[PDB]
């Protein structure tokens, strides 16, 4: 066997952050990575037509201070996603340009319903502890409904229900009927709430890394040298003896004091355990699927949309639209003009049947209509990745919880199993599902092992992160009217009382 202190299973950002912390603390680490590359759900493609493109995780923003600190220490820099010109909301076959993070509503009744929808998502979120969502006072009631059921109760207008549906589909690459309401409300609150999660400027989609996010995992592999073993899918973990034994598919055995599992929870099923996992984890890892998304980047000669005072952001409602959301993906130098779009949830399954050329044609026709621009029919290059086909991801962006699962099984997501500790973005408490959460979880799992070894005290396991000096976070604020305007049923109760 190859002997070390800690085997890290998985060389995504989470495993690589865990391994780096352990290596920096003076332990002997090995990373066992299934693929011929590091980065996992991040993947930066390089070729002469695109220079570089993120086909996986890409965006970082204010309050994501751990990924910003890690990337900065590795010599990386960010740039701002283009949001100079107008956003577009495309609904019922027409485009409505706007500014500010939320598409505006003019109809007074529709305005109360929209305002109440976002307000109520955050009001419910404030009842949910980030580190223990199952402790919310109505956890059971909220976990036993889908997001579809919650929207049917909350939204008194079709306008608000349709926009809320797109919000769920885009945030968690799943249908409203697929996901627990408790879990979704937790997921949004642990990113800092509705405004922070949806925003480009001042939110999650503010920035990208110059040269691609895959550099985070690659530059850590460079620091670790031959400690990263590529094409070593882990098949077996045996904790019955004094040291843990970890076996790979390519017939190698690693011996360690502790293991960090840094893979999506359900991909733990690809490992045979001796002794068997405890009942709750054994069943949990069959109950937690990942979402479905194709990330598609269409290249153009020039960022022509900016000449029409459009930034490239399109929020597109409607079953026929393949893509519900786009961002400008033009390089910071202004060249390699491109539109990034997501094909979400059922559409990632429905349109996976088409050829690459057929998907490009449908996307160009959609963009031509939404942008009112024949130039959108003149692409120069196309790249795409359907994350649903990845054996060693299971989907993207992250793991969702169907109704009933988070209250029954969520307590064991990051509960150690003897000498196995659990990393991966799914186990984070702040920007779980993101590159930020991957760093939080990898460093927390590593510190749990440092504590087990008597190297640090228990109060150093969870560590706060200083605010980025490069990416300052503007606070989330509301107006008096946003806070106190009635809901639709609130207004009807007021009318009822006046008339009585």
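Residue numbers count along the first chain shown, from 1.
Comparing 114-122 with 239-247, the stretch with the higher mean C-alpha B-factor in the PDB entry is 239-247. Here the stretch with the larger average CA B-factor, out of 425-433 and 100-108, is 100-108. In the PDB entry, the Cα temperature factor peaks, among 445, 55, 471, 438, at 471. As recorded in the entry, 227 carries the highest CA temperature factor of 90, 227, 189, 196.
Sorting the modelled residues of the chain by their CA temperature factor places residue 156 in the highest third. Among all modelled residues in this chain, the alpha-carbon of residue 406 has a temperature factor (C-alpha) in the lowest third. In this PDB entry, residue 392 carries a Cα temperature factor that places it within the lowest third of its chain's modelled residues. Sorting the modelled residues of the chain by their CA temperature factor places residue 352 in the highest third.
For residue 275, the recorded CA temperature factor ranks within the highest third of the chain's modelled residues.
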